[PDB]
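S.K.: What follows is a structure written as C-alpha cells; I'll ask about it next.
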Protein chains: 2
Amino acid sequence: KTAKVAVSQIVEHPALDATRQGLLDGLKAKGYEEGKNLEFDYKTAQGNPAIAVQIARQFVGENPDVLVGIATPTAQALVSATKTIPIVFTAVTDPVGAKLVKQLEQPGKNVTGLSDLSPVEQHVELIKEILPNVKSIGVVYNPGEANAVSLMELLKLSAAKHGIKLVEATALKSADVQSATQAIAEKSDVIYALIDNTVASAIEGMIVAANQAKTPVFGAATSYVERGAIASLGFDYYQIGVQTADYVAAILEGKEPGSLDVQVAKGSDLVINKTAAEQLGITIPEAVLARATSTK
Amino acid sequence: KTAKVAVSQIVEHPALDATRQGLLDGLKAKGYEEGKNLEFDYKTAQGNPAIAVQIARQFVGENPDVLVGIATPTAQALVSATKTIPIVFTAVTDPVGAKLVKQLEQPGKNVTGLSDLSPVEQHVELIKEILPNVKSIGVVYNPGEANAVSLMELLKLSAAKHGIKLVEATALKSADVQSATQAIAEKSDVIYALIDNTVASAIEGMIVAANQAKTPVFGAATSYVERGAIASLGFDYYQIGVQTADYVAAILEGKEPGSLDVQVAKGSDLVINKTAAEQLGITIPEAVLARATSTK
Ligand SMILES: N[C@@H](Cc1ccccc1)C(=O)O
Ligand SMILES: N[C@@H](Cc1ccccc1)C(=O)O
Ligand SMILES: [Zn+2]
Ligand SMILES: [Zn+2]
Ligand SMILES: [Zn+2]
Ligand SMILES: [Zn+2]
Ligand SMILES: [Zn+2]
C-alpha cells in the first residue's frame, strides 16, 4: 500500500537534481507523498560507474515497486540488475544507443521513460549565429558515457554539414575536464559544453580554462550558462522530472512499463549570459538577444 | 553497509519536525548522509494511533538497522512491534510511565533514547511570576496520550502546592481542542498549553478560543509562543534531535541500545510574546523581560 520508488543518479549536478526534485513534486501532485504513502529512496553514484552497479544491486534486493534511473550510466546499471522490476529512466540522451530499449515505440520489456536528446544541429546553427566567424568548435567528452558518444556522432555530422572543424579531447573523469579544455581552448573558437555528466560535474573548471584562453563556451544545458557559458539552449529538467512522475504513477497503477512509449523532450529555452559575453569582448547579435527567454 | 534508519512520528507539528531535522543533521555530522550511506525513511501517523501501529508493523517488516520513535504514541507502537530491533525514542515526556523502558538507567532491552520531560513546577512558578494574581490554571489534554497523563500528575501536585485551582478539559483528537479550550477559558486566569501532541497540532484553535475569552496562554514549548502564547519555557527540539543521532550512531556501530542510559533534556529557553501580551492588556514584569533569551 505504500509505493516504494528507488532513485539512482550518476552524480549530483544541477540538471539531475532538478530532474529529481521534479519527480518528487510530480509524484506529490499525483497523490504520492513522502511520509504518508510514498517511500522515495535515493542514492548518488558520485560519478562512479562502479557505485552505479552497487546501487543497482542494493536497490534490486530491496524490492521497490519502481526503479528510476536518472542519467545514462545509472540507468544502464539498473537494466543489468533487473529484467522484471519496472525501470523508468529519465534525462537519458539516447536510450536506444545506450541499450536501455530496443526502440522508443512500445519498448516491450521492463524499461521505459524519458529522453533529453539534444538538438545538436540547432546548437551548431545557433553557435554560428552568435559567432558568425566560427571555424572551429572544441568539445570535451567522456567516451565511457554512451550519451556523450551518441551526441558526438550528431555533432560530427552537423560540424561537417556546416563546414566547421571539430577539435576534440576526452576526459575519463571529472578531474581531467579542466586539463582537456586547456588542451583545446586555443585551437577552438568556441567550446561546446555538451550533455555529458563528467563535463556537467566539472563545468566550473571547464569555464576557468576557457576564460583563460578567452574562448567562449556554448552550453547544451541552462545550468552551464549559470556558471559562465555565454549562451545555452537547454531543456527544463524540472519539468522533465514532473513528466517522469506520470510514468511512475501509471506503472504503480498497474501499467506494464514496456507498453509505455518513450517520450522525447521538446522546447528548449534560449538563455544568454551578457556579463560573461562582455568579459570575453563578445557582442551577442540583436536577432538573438531579442529571442532570449532569459538574460543574465 | 548502507545504514537504514526508519523514523516514525505521531504527527507533523513544529517541535517534532525540528526534532526530526536535528536527527538528520546530526547523522550527517556523524558521517551518515542521505544519498550515500544512509537510507532515512520517515512516516507520519497523522495523529492517528491506529496508523502509528500500521507504521510500526510496516517498518519492522523492512528490517531497518534502527527504528526511531519521535513522540510517545509512535514510540509505544514500535515497542509493541519489535523486541529486538533497536528503538531509539525521542521527545518522549516520560518513558517509564509510557512503558517504553523499565527505568532510565541501563534500560536493558531493545529500547533507549531521549526524554523531554517538562519542568512543570518551574512553569507554575513562572506563571505566578508573570501573573501574580493567578488563582486558576486551565489545561486541555488528551487522556489517550501517556505523556499528557504523566504531565497532569505533575501539574496537579504543583497546582496544589502553590494554592492554584486547576480547571481541566479533555480533547480526544485535535479537532476537539478548540471547544475544550472554550469550555474552560473563562474559568481560567491562564491556559497552560502542555507538551501534548493533540494540543500542539491544534494550538492555533486553542489560541483563538483563549484570545476570545481574553485569557493568556503559557506555553511549555517555544512553538506555542510563535503562535500567540504570551510566554513559554521550552526545550530546543532541534538540539534534542541532534543528540538523538548520537544514540543512533552508537547503535549502528554495535552498541546494545539497552546499555545506553536514557538522557533527560535540560536547559529551556524563556521566550516572551510582547505583542500577544499587549493585545491581552498584559504587562510582563521587568524581572522576567530581563531574563528573556528572546522577545517577539
Ligand atoms: N542526458 C544525460 C544527463 C545530463 C543531463 C543534463 C546535463 C548533463 C547530463 C545522460 O544521458 O546521462
Ligand atoms: N513529549 C511529547 C511530544 C511533544 C513535543 C513537543 C510539543 C508537544 C509534544 C510526547 O511525549 O509525545
Ligand atoms: Zn579559442
Ligand atoms: Zn505508441
Ligand atoms: Zn527507504
Ligand atoms: Zn480566563
Ligand atoms: Zn549509566
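Letters A, B, ... mark the chains of the C-alpha cells in the order given; residue numbers begin at 1 per chain; ligand numbers begin at 1, in order shown.
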Write down, as a PyMOL selection string, each residue of chain B that has any atom within 10 Å of an atom of chain A, counting only C-alpha atoms.

M.R.: chain B and resi 1-2+7-9+12+33-46+51+55+58+62

S.K.: Using only C-alpha atoms and all ligand atoms, which residues of the polymer chains come no farther than 8 Å from ligand 6? I'd like the answer as a PyMOL selection string.

M.R.: chain B and resi 184-191+210+213-216

S.K.: Would you list the residues that come within 12 Å of ligand 7? Count only C-alpha atoms and all ligand atoms and give the answer as a PDB file with N, CA and C atoms, in the first residue's frame.

M.R.:
ATOM      1  N   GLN B 103      13.275   1.460  33.471  1.00  0.00           N
ATOM      2  CA  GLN B 103      13.904   2.580  34.185  1.00  0.00           C
ATOM      3  C   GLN B 103      14.875   3.281  33.228  1.00  0.00           C
ATOM      4  N   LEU B 104      15.252   4.488  33.570  1.00  0.00           N
ATOM      5  CA  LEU B 104      16.140   5.276  32.710  1.00  0.00           C
ATOM      6  C   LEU B 104      17.605   4.773  32.695  1.00  0.00           C
ATOM      7  N   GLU B 105      18.111   4.287  33.832  1.00  0.00           N
ATOM      8  CA  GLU B 105      19.493   3.787  33.910  1.00  0.00           C
ATOM      9  C   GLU B 105      19.591   2.369  33.352  1.00  0.00           C
ATOM     10  N   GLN B 106      20.387   2.152  32.322  1.00  0.00           N
ATOM     11  CA  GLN B 106      20.586   0.777  31.827  1.00  0.00           C
ATOM     12  C   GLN B 106      19.225   0.056  31.488  1.00  0.00           C
ATOM     13  N   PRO B 107      18.481   0.609  30.547  1.00  0.00           N
ATOM     14  CA  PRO B 107      17.149   0.086  30.328  1.00  0.00           C
ATOM     15  C   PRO B 107      17.113  -1.403  30.024  1.00  0.00           C
ATOM     16  N   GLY B 108      18.152  -1.914  29.409  1.00  0.00           N
ATOM     17  CA  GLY B 108      18.410  -3.360  29.417  1.00  0.00           C
ATOM     18  C   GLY B 108      17.693  -4.138  28.319  1.00  0.00           C
ATOM     19  N   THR B 112      15.972   2.541  23.991  1.00  0.00           N
ATOM     20  CA  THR B 112      16.663   3.615  24.674  1.00  0.00           C
ATOM     21  C   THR B 112      16.298   4.920  24.028  1.00  0.00           C
ATOM     22  N   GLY B 258      20.072  -1.267  24.993  1.00  0.00           N
ATOM     23  CA  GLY B 258      19.774  -1.391  26.423  1.00  0.00           C
ATOM     24  C   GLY B 258      20.923  -0.972  27.358  1.00  0.00           C
ATOM     25  N   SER B 259      22.128  -0.783  26.803  1.00  0.00           N
ATOM     26  CA  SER B 259      23.295  -0.450  27.589  1.00  0.00           C
ATOM     27  C   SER B 259      23.468   1.044  27.531  1.00  0.00           C
ATOM     28  N   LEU B 260      22.582   1.756  26.830  1.00  0.00           N
ATOM     29  CA  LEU B 260      22.699   3.205  26.776  1.00  0.00           C
ATOM     30  C   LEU B 260      21.653   3.836  27.692  1.00  0.00           C
ATOM     31  N   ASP B 261      22.113   4.611  28.667  1.00  0.00           N
ATOM     32  CA  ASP B 261      21.204   5.315  29.560  1.00  0.00           C
ATOM     33  C   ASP B 261      20.298   6.301  28.811  1.00  0.00           C
ATOM     34  N   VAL B 262      19.066   6.420  29.268  1.00  0.00           N
ATOM     35  CA  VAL B 262      18.139   7.383  28.722  1.00  0.00           C
ATOM     36  C   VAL B 262      18.542   8.794  29.193  1.00  0.00           C
ATOM     37  N   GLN B 263      18.617   9.738  28.287  1.00  0.00           N
ATOM     38  CA  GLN B 263      19.014  11.072  28.640  1.00  0.00           C
ATOM     39  C   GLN B 263      17.784  11.950  28.836  1.00  0.00           C
TER      40      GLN B 263
END

S.K.: Please, what distance in Å, to one decimal, runs between atom CA of residue 32 of chain A and atom CA of residue 56 of chain B?

M.R.: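 Going from atom CA of residue 32 of chain A over to atom CA of residue 56 of chain B covers 19.9 Å.
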
S.K.: I want to know what sits within 8 Å of segment 238-253 of chain B, based on only C-alpha atoms, with residues of the same chain fewer than 4 positions away left out; could you give that as a PDB file with N, CA and C atoms, in the first residue's frame?

M.R.:
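And here's result37.pdb as it stands now:
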ATOM      1  N   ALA B   3      23.434   2.302   6.197  1.00  0.00           N
ATOM      2  CA  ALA B   3      22.621   2.274   7.400  1.00  0.00           C
ATOM      3  C   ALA B   3      21.166   2.573   7.035  1.00  0.00           C
ATOM      4  N   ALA B  15       7.546  21.249  16.759  1.00  0.00           N
ATOM      5  CA  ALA B  15       8.557  20.665  17.660  1.00  0.00           C
ATOM      6  C   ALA B  15       9.065  19.313  17.146  1.00  0.00           C
ATOM      7  N   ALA B  18      11.225  19.708  14.105  1.00  0.00           N
ATOM      8  CA  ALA B  18      12.562  20.200  14.404  1.00  0.00           C
ATOM      9  C   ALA B  18      13.399  19.037  14.944  1.00  0.00           C
ATOM     10  N   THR B  19      12.788  18.168  15.737  1.00  0.00           N
ATOM     11  CA  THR B  19      13.495  17.041  16.261  1.00  0.00           C
ATOM     12  C   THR B  19      13.984  16.177  15.118  1.00  0.00           C
ATOM     13  N   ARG B  20      13.114  15.937  14.150  1.00  0.00           N
ATOM     14  CA  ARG B  20      13.463  15.108  13.011  1.00  0.00           C
ATOM     15  C   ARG B  20      14.571  15.738  12.155  1.00  0.00           C
ATOM     16  N   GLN B  21      14.533  17.048  11.949  1.00  0.00           N
ATOM     17  CA  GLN B  21      15.582  17.712  11.178  1.00  0.00           C
ATOM     18  C   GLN B  21      16.920  17.623  11.911  1.00  0.00           C
ATOM     19  N   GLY B  22      16.838  17.813  13.211  1.00  0.00           N
ATOM     20  CA  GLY B  22      18.013  17.683  14.064  1.00  0.00           C
ATOM     21  C   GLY B  22      18.668  16.311  13.997  1.00  0.00           C
ATOM     22  N   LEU B  23      17.838  15.284  13.954  1.00  0.00           N
ATOM     23  CA  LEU B  23      18.332  13.946  13.832  1.00  0.00           C
ATOM     24  C   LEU B  23      19.094  13.739  12.506  1.00  0.00           C
ATOM     25  N   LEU B  24      18.453  14.175  11.421  1.00  0.00           N
ATOM     26  CA  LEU B  24      19.020  14.110  10.121  1.00  0.00           C
ATOM     27  C   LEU B  24      20.385  14.847  10.037  1.00  0.00           C
ATOM     28  N   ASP B  25      20.459  16.073  10.549  1.00  0.00           N
ATOM     29  CA  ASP B  25      21.706  16.868  10.507  1.00  0.00           C
ATOM     30  C   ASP B  25      22.761  16.263  11.425  1.00  0.00           C
ATOM     31  N   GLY B  26      22.339  15.752  12.574  1.00  0.00           N
ATOM     32  CA  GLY B  26      23.285  15.119  13.480  1.00  0.00           C
ATOM     33  C   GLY B  26      23.862  13.844  12.873  1.00  0.00           C
ATOM     34  N   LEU B  27      23.032  13.084  12.161  1.00  0.00           N
ATOM     35  CA  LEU B  27      23.540  11.863  11.478  1.00  0.00           C
ATOM     36  C   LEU B  27      24.560  12.251  10.394  1.00  0.00           C
ATOM     37  N   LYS B  30      27.795  12.880  11.875  1.00  0.00           N
ATOM     38  CA  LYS B  30      28.445  11.607  12.261  1.00  0.00           C
ATOM     39  C   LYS B  30      28.908  10.768  11.065  1.00  0.00           C
ATOM     40  N   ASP B  65      18.038  -1.007  10.416  1.00  0.00           N
ATOM     41  CA  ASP B  65      19.076  -1.177  11.449  1.00  0.00           C
ATOM     42  C   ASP B  65      18.603  -0.533  12.747  1.00  0.00           C
ATOM     43  N   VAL B  66      17.909   0.598  12.644  1.00  0.00           N
ATOM     44  CA  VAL B  66      17.465   1.296  13.836  1.00  0.00           C
ATOM     45  C   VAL B  66      16.117   1.934  13.577  1.00  0.00           C
ATOM     46  N   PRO B  86      16.744  -2.455  17.485  1.00  0.00           N
ATOM     47  CA  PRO B  86      16.921  -1.277  18.319  1.00  0.00           C
ATOM     48  C   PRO B  86      15.930  -0.166  18.038  1.00  0.00           C
ATOM     49  N   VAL B  88      15.205   3.782  19.298  1.00  0.00           N
ATOM     50  CA  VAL B  88      15.623   4.994  19.987  1.00  0.00           C
ATOM     51  C   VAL B  88      14.428   5.920  19.974  1.00  0.00           C
ATOM     52  N   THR B  90      12.581   9.488  21.056  1.00  0.00           N
ATOM     53  CA  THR B  90      12.983  10.841  21.214  1.00  0.00           C
ATOM     54  C   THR B  90      11.793  11.760  21.391  1.00  0.00           C
ATOM     55  N   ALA B  91      11.999  12.824  22.136  1.00  0.00           N
ATOM     56  CA  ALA B  91      10.981  13.770  22.501  1.00  0.00           C
ATOM     57  C   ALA B  91       9.843  13.060  23.176  1.00  0.00           C
ATOM     58  N   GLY B 113      16.858   6.028  24.522  1.00  0.00           N
ATOM     59  CA  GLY B 113      16.643   7.321  23.860  1.00  0.00           C
ATOM     60  C   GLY B 113      16.613   8.550  24.746  1.00  0.00           C
ATOM     61  N   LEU B 114      15.809   9.518  24.370  1.00  0.00           N
ATOM     62  CA  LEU B 114      15.845  10.850  24.971  1.00  0.00           C
ATOM     63  C   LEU B 114      14.454  11.302  25.423  1.00  0.00           C
ATOM     64  N   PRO B 257      21.363  -1.103  22.499  1.00  0.00           N
ATOM     65  CA  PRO B 257      20.536   0.033  22.977  1.00  0.00           C
ATOM     66  C   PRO B 257      20.254  -0.065  24.475  1.00  0.00           C
ATOM     67  N   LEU B 260      22.582   1.756  26.830  1.00  0.00           N
ATOM     68  CA  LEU B 260      22.699   3.205  26.776  1.00  0.00           C
ATOM     69  C   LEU B 260      21.653   3.836  27.692  1.00  0.00           C
ATOM     70  N   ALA B 265      16.383  15.776  28.717  1.00  0.00           N
ATOM     71  CA  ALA B 265      16.733  17.119  28.249  1.00  0.00           C
ATOM     72  C   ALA B 265      16.846  18.123  29.408  1.00  0.00           C
TER      73      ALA B 265
END
